[PDB]
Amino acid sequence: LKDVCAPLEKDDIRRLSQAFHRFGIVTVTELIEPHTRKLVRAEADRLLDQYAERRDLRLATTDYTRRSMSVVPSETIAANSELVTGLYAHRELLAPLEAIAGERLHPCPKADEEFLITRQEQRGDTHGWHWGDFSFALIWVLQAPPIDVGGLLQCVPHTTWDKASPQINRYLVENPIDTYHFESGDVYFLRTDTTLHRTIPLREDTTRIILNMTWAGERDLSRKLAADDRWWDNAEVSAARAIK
């Protein structure tokens, strides 16, 4: 892997950093060469065609919000994509992300959450309100419908995830919600542990595909509280309720 990332100047890193901290999210498409983005879209399609699994559940640890989408789990992506695992460890990608985040990124200590592909396809599909166990995700928007079909990201930064008492609606009541429209081929960088977020349910059948690479910050390397809520890797986790 040779020319993954465009070079960002000092003032570009300042502007991206500022937005990333203020909003919990910033668009980083300009950082990744179009060919690389085209290669990832092709890889995700190949992975989905072989391994897509359906999820339809509500998650107890996020106030029973919905997860309705197909997925490709992390160990399956890792075992079958040298492109994705190479990019995940690529200095030319991690260096500027560390500059934007203002801290060092580490491989996710949980093998089941390095990577995730999701595909929303049905009217009503959604990635319901939630936070991440880890600090960082790079989200590759490989395919997104037009703005009026839905699938927009909503964020509330500067919050946190209390699995025993999530109080997601209180966080909405107490903070403005920011809404983002991403197009096919966009990439964004998200502070997932402190940014409450979701995708707006699709208004009609269509296709929305992202790839998620998740990294740990130093704060993530210490022991975490165990919860049986890791639904993307196993729908039968005890925190998950199947949908009526």
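From 1 onward, residues are counted along the sequence shown.
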Once average C-alpha B-factors are taken from the entry for 124-132 and 80-88, the winner is 80-88
Mean Cα B-factor check, 26-34 vs 182-190, entry values; winner is 26-34
Chain thirds by Cα B factor, record data; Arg203 belongs to the highest
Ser68: CA B-factor among chain residues, third -> middle
Temperature factor at the Cα of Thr61, chain-ranked in thirds, falls in the middle
By the entry's values, the third containing the CA B factor of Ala227 is the highest
Sorting the chain's modelled residues by C-alpha B-factor and splitting them into thirds places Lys10 in the highest
